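Working notes, structure below.
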2 protein chains.
Amino acid sequence: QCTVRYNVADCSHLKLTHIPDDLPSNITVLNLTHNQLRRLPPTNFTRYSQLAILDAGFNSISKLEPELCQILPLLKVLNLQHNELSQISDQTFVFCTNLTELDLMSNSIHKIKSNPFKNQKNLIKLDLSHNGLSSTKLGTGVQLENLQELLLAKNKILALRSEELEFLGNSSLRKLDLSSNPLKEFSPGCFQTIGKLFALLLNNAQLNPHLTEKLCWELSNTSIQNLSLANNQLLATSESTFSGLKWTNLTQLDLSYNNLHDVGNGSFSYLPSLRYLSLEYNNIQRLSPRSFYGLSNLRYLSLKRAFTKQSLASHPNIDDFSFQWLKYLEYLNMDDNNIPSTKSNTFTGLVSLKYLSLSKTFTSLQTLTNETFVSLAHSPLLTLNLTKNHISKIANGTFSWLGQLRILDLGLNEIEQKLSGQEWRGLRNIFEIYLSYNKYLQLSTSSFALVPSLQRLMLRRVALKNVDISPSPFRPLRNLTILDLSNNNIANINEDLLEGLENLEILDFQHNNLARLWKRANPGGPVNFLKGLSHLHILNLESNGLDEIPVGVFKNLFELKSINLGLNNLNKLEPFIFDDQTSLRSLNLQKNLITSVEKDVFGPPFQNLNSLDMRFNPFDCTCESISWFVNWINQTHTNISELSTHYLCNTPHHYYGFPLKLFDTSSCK
Amino acid sequence: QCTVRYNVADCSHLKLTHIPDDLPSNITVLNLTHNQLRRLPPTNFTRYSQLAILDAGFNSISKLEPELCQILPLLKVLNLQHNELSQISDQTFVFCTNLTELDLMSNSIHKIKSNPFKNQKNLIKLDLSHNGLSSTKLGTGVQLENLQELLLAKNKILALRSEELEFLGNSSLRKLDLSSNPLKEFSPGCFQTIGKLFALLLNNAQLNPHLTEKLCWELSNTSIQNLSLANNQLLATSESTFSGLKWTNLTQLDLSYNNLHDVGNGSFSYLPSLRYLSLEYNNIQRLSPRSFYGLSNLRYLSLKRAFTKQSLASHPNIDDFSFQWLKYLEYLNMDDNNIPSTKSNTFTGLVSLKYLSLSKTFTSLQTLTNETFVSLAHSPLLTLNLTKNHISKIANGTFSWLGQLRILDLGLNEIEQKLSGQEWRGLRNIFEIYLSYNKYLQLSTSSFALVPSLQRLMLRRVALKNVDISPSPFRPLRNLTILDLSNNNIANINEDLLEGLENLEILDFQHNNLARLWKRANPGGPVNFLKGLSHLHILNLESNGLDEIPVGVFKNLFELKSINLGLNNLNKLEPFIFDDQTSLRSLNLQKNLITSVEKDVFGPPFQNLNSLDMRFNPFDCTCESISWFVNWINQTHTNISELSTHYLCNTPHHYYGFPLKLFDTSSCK
RNA sequence: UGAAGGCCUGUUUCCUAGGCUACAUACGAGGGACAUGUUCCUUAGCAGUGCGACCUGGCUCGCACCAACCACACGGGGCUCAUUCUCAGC
């Protein structure tokens with residue numbers, strides 16, 4: 001049966017052979033996609049006279065009658081995607097006068113000859129793609145007043161002349177796609193005849209660096225602002241290539257996937273207003289300083305995988321002062337490249353750059369010296385992503401130049417050293433230091449003395465050592481909020497740790513073998529860890545070997561919202577272990593060994609809990625153990641996932657596997 | 001209090017100040033070792049007149065009265081070790097006439113001047129060591145008729161002359177130790193004056209390539225049979241060194257720890273009757289063929305660590321035909337050496353050898369070719385130990401020469417290959433192949449086709465792969481009894497495996513992740529492993545991930561004696577799982593998750609059990625689960641280790657951590 | 001006096017055989033989101049597209065198991081010092 005919902009009956013994957021006419025008569029939307037339909041009888045739309053749009057696609061619909069839309073004058077969107085409409089006639093639409101969006105995706109309409117769209121005056125979107133068209137002309141008169149998207153994708157247009165374009169005289173083509181159409185020639189004036197042409201999409205149209213030169217002149221004196229040229233054969237460019245754009249104001253230009261091998265001297269000198277430029281996925285050999293000459297307004301450059309693979313000692317290389325022209329650049333991306341290493345004047349000139357990414361860019365950057373980032377002295381950087389570079393060591397003061405740096409990322413590297421606090425010399429105001437997934441990070445007493453402004457500090461899977469030294473290396477980080485120490489196998493710690501971080505909110509301790517610290521039989525008592533940092537919200541102690549939470553290591557943590565103590569080994573919980581957690585919102589105690597869940601322990605937190613999770617525990621179906629629990633279950637509104645399936649008793653001998661919430665407690669208490 | 005036992009009152013570590021005289025008067029032995037005693041009052045031994053021997057050592061005993069032994073005429077062994085008897089006089093023993101063993105180990109009896117031993121006529125053992133003696137003479141008359149062990153260890157004898165020896169004229173000295181005594185000269189006739197001198201022990205006496213040549217002549221025409229020269233400075237030997245032994249019948253000669261650097265040509269040419277020779281712990285450079293010339297009767301040679309460490313390209317080396325003279329040798333040991341590898345004619349000549357060891361002997365033996373053991377063609381080998389040689393691959397037919405080989409050992413190696421059955425070509429009648437602790441052993445269908453005579457086959461920790469192929473690679477091993485497959489992480493196996501091994505007795509499967517095979521929810525049912533091989537005695541399935549033993553995978557195994565299912569995850573046991581185990585003798589189910597031990601399951605095996613072990617399980621202290629168990633406990637004679645401590649409960653909420661045995665089942669059943 | 005010893009008492013060192021711990025890593029199963037290579041299945045008897053699906057893969061990513069890994073806590077086996085209780089020879 002179809003899913004009737006608030007006047008939008010969506011009938012998807014219903015195998016409907018013929019259009020059903022069911023109850024709802026106020027429906028405004030109807031989905032027919034993914035159904036085998038012969039065709040649409042124009043008369044079954046009398047019980048359905050209110051539909052504003054109808055999604056009728058992915059059905060083998062032979063043909064269409066003008067009745068369907070003219071018996072339904074209130075029509076806005078008619079989706080007719082992938083249906084088989086081999087031919088079309090103006091009659092079909094002579095009545096249709098309210099539609100604004102006409103979708104035709106795969107219909108074998110190959111040839112049209114009529115003036116079918118003299119009636120659509122409100123038609124904005126007009127998708128005519130993959131239909132085997134051999135010419136673009138769709139009429140003889142000046143029609144389609146307000147048409148803002150004209151797609152012609154994967155058709156067989158071979159050329160563009162002003163004769164097959166004239167029917168758009170006063171329209172404003174906000175997006176004219178022509179992707180994958182094997183164009184070979186653009187008749188002069190085949191673009192001057194469109195009213196207002198903003199965008200363009202020549203993807204996959206197999207262009208040559210010569211055709212381009214011509215197309216440019218045919219785009220001159222036009223109002224084009226976006227222009228894409230992805231998936232072409234622009235093996236190289238010269239100053240004469242884009243010469244035709246000089247009379248234009250081109251905002252964004254894309255050149256990804258062109259196997260572009262050479263970027264001639266002064267090839268961009270004629271785009272003094274370009275504000276975005278994507279060079280992704282090209283095999284660029286090198287960049288002379290005069291390469292980018294002209295782009296005095298560029299604001300976003302992407303070089304992701306834009307350089308040839310490393311050869312043969314023919315690795316790609318950029319020369320000094322190569323960016324001295326982009327005095328306005330503010331986002332430079334250079335991922336996935338093989339550039340050897342940085343030079344003293346590589347980034348010289350960028351006096352406005354603020355987001356720089358170099359993830360997986362260098363190959364010989366094993367060691368970061370104090371002279372690597374000298375180029376970025378005058379650049380107000382606010383971000384530096386250095387993931388996946390095989391960095392193996394950071395020399396002293398290497399970041400002294402990045403004064404205003406805020407978000408720094410050195411994760412997924414091979415750093416194996418002993419932090420001595422000097423590595424951060426100069427990071428006046430640093431926000432967060434994502435430093436996870438490294439080889440070895442021996443800590444010292446002053447490792448973080450120089451950066452007292454940290455907010456987030458990730459140390460996931462860095463094989464930490466020397467974390468019990470006193471005082472805590474985290475002592476000077478007073479503004480710290482988010483701290484992560486998972487997957488480190490932290491043998492032991494002193495309670496001195498975390499002293500004074502009154503702002504710590506999120507704390508992670510997954511996989512850290514913290515068993516002994518909380519056992520009652522310690523050298524000198526269980527570690528009253530988590531002391532007086534009231535502001536903690538989310539606490540994580542998953543899979544920590546934990547065996548016993550000693551009474552009152554959760555004191556004064558009133559604002560704590562989410563405890564996650566699952567995957568440990570907990571059987572006996574001493575009363576009042578949770579007493580200040582009166583605002584707890586989500587508890588997780590799965591895969592533990594908890595046999596009994598009494599009221600003196602979980603009472604206070606279960607009060608206003610929101611989502612509990614204690615699946616897979618060996619629950620004990622007796623009345624002096626789970627009675628109160630089963631009752632709470634019956635009378636709660638706390639989302640408890642898989643209550644019927646994964647909650648089950650494993651004792652008594654004759655209750656092994658019995659549904660937890662079925663144990664009748666009505667005969668006790 | 002002293003431990004009185006069957007007339008042997010042993011008072012060890014009792015802090016006894018003065019000799020107590022308690023009830024037992026039939027005691028024949030009395031231990032006094034490790035007690036601080038001033039001395040032994042000869043009059044407190046009137047209540048104790050029956051002792052035959054008294055172990056009175058490790059006590060600071062000033063002196064001894066002749067009364068103690070003469071009031072006890074029936075005395076056989078008087079041990080007086082480590083006591084402080086600065087002086088002694090004949091009077092002490094003029095009465096003593098029944099003692100047979102007198103022990104004096106560390107007493108500062110530096111000088112003696114008397115005939116103190118004219119009375120001991122039955123004294124066999126006479127230990128006089130570490131006593132600061134400056135001469136060996138212990139009397140002037142021909143005494144000590146039957147004396148068969150005269151120790152003088154760690155004293156300060158400087159020479160041996162026939163004057164200080166004459167008091168043994170007609171005695172037969174079966175062992176004359178002179179260890180650690182810094183001897184400098186052996187006056188002529190210092191050995192011809194003893195009646196029958198068989199053994200000798202000159203350990204640690206700091207000899208030289210000189211002194212030896214002379215001592216030999218002083219030992220000539222004597223009846224010596226054993227001779228030790230360990231811990232000396234024989235830096236090299238020549239044919240003239242042992243020349244003095246030619247007139248003797250020398251059975252065993254030891255030369256260990258002599259830093260022996262060169263063994264000159266014909267150094268042993270004068271010992272045509274030596275039958276044991278230990279060259280252990282020496283720095284021998286090389287062995288010419290003429291090295292062992294003469295030893296035509298040797299029957300046991302030891303070269304354990306007898307070759308210099310590997311240099312500097314100056315590694316030790318053995319030449320061809322170096323053993324051509326030892327045509328009677330029958331046990332050659334060559335452990336802990338650095339010889340590069342075997343040559344075509346290394347072992348040529350040994351036509352009687354039957355035990356050969358080469359553990360940790362070679363350095364460049366990564367690959368064993370079919371021409372390595374060509375030397376052993378005519379040697380009836382019955383053992384070949386090759387552990388710890390870093391062997392990495394076995395070529396085809398490498399053992400074709402060792403026809404009569406029975407016990408072969410290739411363990412603790414780096415073998416990483418795929419057995420194709422050819423590696424055993426020629427092992428007509430092989431007994432066992434210890435092949436554990438290797439890198440990788442891919443198995444094939446014919447791996448053991450050529451050796452159908454195996455008895456024991458160890459494959460411990462070899463990371464086996466391809467063990468589920470059909471037919472079983474163990475199919476032709478019909479006489480197989482002991483099979484080991486532990487620590488291999490065997491993912492899965494087909495039931496075809498072990499088909500026809502009706503003689504298999506011991507089977508090991510520790511640590512092999514065999515969980516799913518026995519689960520009821522298999523592709524086509526649980527694998528009826530261990531099918532119809534009734535003769536299995538000891539079955540081991542420890543730590544195997546096991547989760548459920550399906551009913552009747554233990555059918556017809558009547559003679560199975562010991563099941564070991566510890567370190568698994570077993571909670572429910574379906575009735576009748578053990579039914580044919582009516583002769584089971586020892587069960588092991590520790591560290592499981594067994595909550596209930598009922599009667600229908602463990603009944604039949606618990607009948608005649610001998611030793612049970614089910615510690616660390618989460619037992620359920622309720623009456624419909626453990627009642628019968630607690631009862632059985634009260635009414636059994638089955639050795640149950642740690643019954644009081646490691647058999648506790650986990651349910652109900654009370655009775656938690658409660659000792660099992662103290663659970664009163666008198667109010668139910 | 002010094003020197004020498006049994007005797008204990010504690011330490012420390014060092015190993016070896018443990019159990020227990022957690023971590024990375026790996027071999028497996030069984031999962032959920034794919035676009036695929038073909039298989040059905042109908043649509044314009046065929047070709048082309050367009051109701052879902054199955055089999056095979058390249059998997060990403062959570063899960064249970066087991067193995068070896070190294071880390072952590074604690075026993076357990078040798079040795080080497082302590083300062084006492086008592087000798088003699090002087």
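Each position is counted from 1, following the chain as shown.
So how was this one determined? The header says electron microscopy, 3.5 Å.
A Cβ is built for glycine as well, from the same backbone N, Cα and C atoms used for every other residue.
What Swiss-Prot says about this one:
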- A:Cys2-A:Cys11: disulfide bond (DISULFID)
- A:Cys69-A:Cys96: disulfide bond (DISULFID)
- A:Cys621-A:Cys649: disulfide bond (DISULFID)
- A:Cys623-A:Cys668: disulfide bond (DISULFID)
- A:50-71: repeat 'LRR 2' (REPEAT)
- A:122-143: repeat 'LRR 5' (REPEAT)
- A:223-244: repeat 'LRR 8' (REPEAT)
- A:380-401: repeat 'LRR 14' (REPEAT)
- A:479-500: repeat 'LRR 18' (REPEAT)
- A:503-524: repeat 'LRR 19' (REPEAT)
- A:559-580: repeat 'LRR 21' (REPEAT)
- A:583-604: repeat 'LRR 22' (REPEAT)
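Annotated features taken from Swiss-Prot, shown on the structure.
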residue: A:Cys2; record: disulfide bond; Cβ contacts under 8 Å, 6 or more apart: A:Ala9, A:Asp10, A:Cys11, A:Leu14, A:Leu16, A:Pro20, A:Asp22
residue: A:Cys69; record: disulfide bond; Cβ contacts under 8 Å, 6 or more apart: A:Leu75, A:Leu78, A:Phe93, A:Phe95, A:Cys96, A:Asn98, A:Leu99
residue: A:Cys621; record: disulfide bond; Cβ contacts under 8 Å, 6 or more apart: A:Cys649, A:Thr651, A:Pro652, A:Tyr655, A:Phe658, A:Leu660, A:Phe663
residue: A:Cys623; record: disulfide bond; Cβ contacts under 8 Å, 6 or more apart: A:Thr665, A:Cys668, A:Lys669
Query raised in the report: With 2 residues left out of the model, how far is A:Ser311 from A:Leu312 at the Cα, in Å?
Result: 5
Requested in this report: Sort out the residues at least 6 away from either end of the repeat 'LRR 5' (A:122-143), same chain, that have Cβ-Cβ distances under 8 Å to it, and list them.
Outcome: 97-112, 114-116, 149-158, 160, 163-170, 177
Requested in this report: Inside 10 Å of the Cβ of A:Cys96 (disulfide bond), count up the other Cβ atoms and send me the figure.
Outcome: 22
**Report entry** Neighbour tally for A:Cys11 (disulfide bond), based on other Cβ positions within 10 Å of its Cβ
**Finding:** 21
Report task. Identify which of the disulfide-bonded residues A:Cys649, A:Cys668 has its Cβ surrounded by the largest number of other Cβ atoms within 10 Å, counting every protein chain shown. Result -> A:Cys649
Query raised in the report: Can you check what DSSP calls A:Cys649 (disulfide bond), collapsed to helix, strand or coil?
Result: strand
**Report entry** DSSP state at A:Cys69 (disulfide bond), helix/strand/coil
**Finding:** helix
Report task. Just give the helix, strand and coil counts over the repeat 'LRR 18' (A:479-500), going by DSSP. Result -> 0 helix, 3 strand, 19 coil
Report summary line: Same-chain residues at least 6 beyond the ends of the repeat 'LRR 2' (A:50-71) with CB under 8 Å of its CB atoms are 7, 25-40, 42-43, 77-85, 87, 91-96, 98-99, 103, 105
Query - Outside the repeat 'LRR 21' (A:559-580), six or more residues from its ends: residues with CB under 8 Å to it - result: 534-552, 586-595, 598, 600-602, 604-605, 613
Requested in this report: Pull the DSSP breakdown for the repeat 'LRR 14' (A:380-401) and write it out as helix, strand, coil residue counts.
Outcome: 0 helix, 5 strand, 17 coil
Query - Secondary structure composition of the repeat 'LRR 22' (A:583-604) [DSSP: H/G/I, E/B, coil] - result: 6 helix, 3 strand, 13 coil
